[PDB]
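Listed next as C-alpha cells is one chain, alone, in the form deposited in one PDB entry.
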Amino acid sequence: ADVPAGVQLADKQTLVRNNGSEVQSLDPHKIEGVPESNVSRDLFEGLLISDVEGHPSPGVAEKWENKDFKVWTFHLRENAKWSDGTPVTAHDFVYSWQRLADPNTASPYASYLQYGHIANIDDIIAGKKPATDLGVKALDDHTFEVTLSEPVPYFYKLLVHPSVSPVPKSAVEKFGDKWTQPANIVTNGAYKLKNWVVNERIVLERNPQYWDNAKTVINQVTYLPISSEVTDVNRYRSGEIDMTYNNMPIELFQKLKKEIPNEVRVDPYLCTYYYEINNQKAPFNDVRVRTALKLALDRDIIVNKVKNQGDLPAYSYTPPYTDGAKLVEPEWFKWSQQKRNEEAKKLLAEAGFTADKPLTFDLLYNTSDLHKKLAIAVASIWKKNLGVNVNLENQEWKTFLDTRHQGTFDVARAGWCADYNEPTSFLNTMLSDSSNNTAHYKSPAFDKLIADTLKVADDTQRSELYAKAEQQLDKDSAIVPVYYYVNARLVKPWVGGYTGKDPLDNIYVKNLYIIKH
C-alpha cells in the first residue's frame, strides 16, 4: 500500500470484506469466479499483478522480455518466497502451468493456456501429449521462459489471473485436496490463510515472507460469504463490514445513494450480465427459440425500471468499452420492444409452440436477492411478451457453477467479467472446446473468426474480426445479453487505497489501509 503523506493510520489495521458466496476452492487451478479470485489475489501471486489502477505490473517477475511476441522470458525476483520461507522459483511456475494443463486436474481454466497459445496445449488438453510437453521451462531458478505457437502481443496481460499463479508442489502432492486447509497450505501472496470456516468466514493474516511485506499495511482481512445483498448492506451499516461485495440490493440502493452518497462507489466494470442458454439441449438447440427469448426480454424495463443502478442495456457478450472492442450494434437493438415481441412470437410460433403447448423451462440462478428479483422480472416479462412459462430455481454458488458445467440446465443467469482487458477474454469462452464454455455453444464459423485474429498482425483487422465474431454469436442467439455491469459497492470512508479505476476490479488487500476514525 502507498499511504499518502499526512494520512493518520488507525491503530488496528484490519478489514472485513463481503465476498458474495462461499468460495468454490482456494486452489488456483480449481476456481473460476469472482469470489474465488478475490481471495486468490491475496494468497497466490503470479508473474505479474495489477497495480492499484489495474495496469499489469511486476509480480514474482520483476522484469520480462519477448521475442516476436512468441517467446516470453520472465526474470523472477530473487527474494520471492512462499509463506514457509522457501524461495519461489521458475520450477514452481513450470509445475504449476503443467498442472493447470493436465486433464487430470480438470481445471475450469485449463483453456486459459489455449487463450495465450502456449505451445502444445491443445494436444495436452486432448490427452495426446503429457503435460510435461507444455511450452514452458525454467532456464534457471529465477528465469521462466514461455513459448507460444503464434505471436500474442497482449500475452503478458493474461498473467495476473489466478489460474497462472504458482501452487506449492510439495503441499499438493503430500495433502492432495486438503492442501488448502490452514494447517497445510503454503502461499506466496501478501497474506497467509489463518482460518477457513465454511459458510462463515475466511480469515487471512499478513505473510511476513512476502517479498513486498514492508509495504503491506492491513494485518488481517476477513472475507464473508453473504449472498443476500440486503444482509451485506445491513452488516456494512451496522459497522461489521468495511467493504460490501459488488452486487447491490434492489430494495435499498436508491435509498443508499441518498443516505451515504460518498460511500456508494460506482465505477466502470468489464462484465456482462446475461441469460446463458444451454445450446446443446432441446429445445434450446433451435435458434428460433433462443432468438425469441433474446428479443422478448425488455432490457429497458430491467435496466431502467427494475434494477436502475446505472447499468447499460446490452446487445453483445463483450462489453463495448473493452480495450479493442469496436462492435456493431445490431438492428434488433434499435427496434421498438413491440417489434421485438412480434418477431419473437412469430419465431416461437414457427418453432411449434402454441397456447395449448407453450414453452416451459427452468431459470437457474445463484442464491441472491438481486438475481432472484431480476429473474422474477424476466419471468414476468417473458410470460407477458412471449407467452412462455419459467420455473425459477436458486442454487448456492459452487453448486450453480457445477450445474452449468454439467449442462444439467435449460437457461441460467450469468455474468462474465474480463480476466484481461482485450476482447478475446470474453470471446475465447465461446470457442467450441473452451473449458469456460458453459453455454455449450459450438460454432465452427465462430471458432474460425477467432483463430484468424492472431493470423493477422494488426489491431484494425483484429477488431473487425472480433466485431464479426460477436455478430456470429448474435446471429446464433447463443446467449441473451441483458446489461453491462457497473461496479457498485459500499466502501467505508476509512478504507484508503481503493480507486475504482480498475475496470477489472483486481483488488489486492496489500494495497489498502485503514484511516484513523
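Only the largest set of C-alpha atoms that superpose within 1.5 Å between the two forms is called the rigid core. We number the residues from 1 along the sequence you see.
The same protein has a further form, the form deposited in another entry, not shown here; the description that follows concerns it.
> For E343, is the C-alpha shift between this form and the one not shown 2 Å or more after core superposition?
Yes; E343 is a residue whose C-alpha shifts (by 2 Å or more) between this form and the one not shown when the cores are overlaid.
> After superposition on the rigid core, does the Cα atom of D474 shift by at least 2 Å between this form and the one not shown?
Yes, its C-alpha moves 2 Å or more.
> Have a look at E396 and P182: in the other form, are their Cα atoms closer together or farther apart than in this form, given the change is 3 Å or more?
Relative to this form, farther apart in the other form.
> Did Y191 and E396 drift closer or farther in the other form, going by a CA distance change of 3 angstroms or more?
Note: Cα gap between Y191 and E396 widens in the other form.
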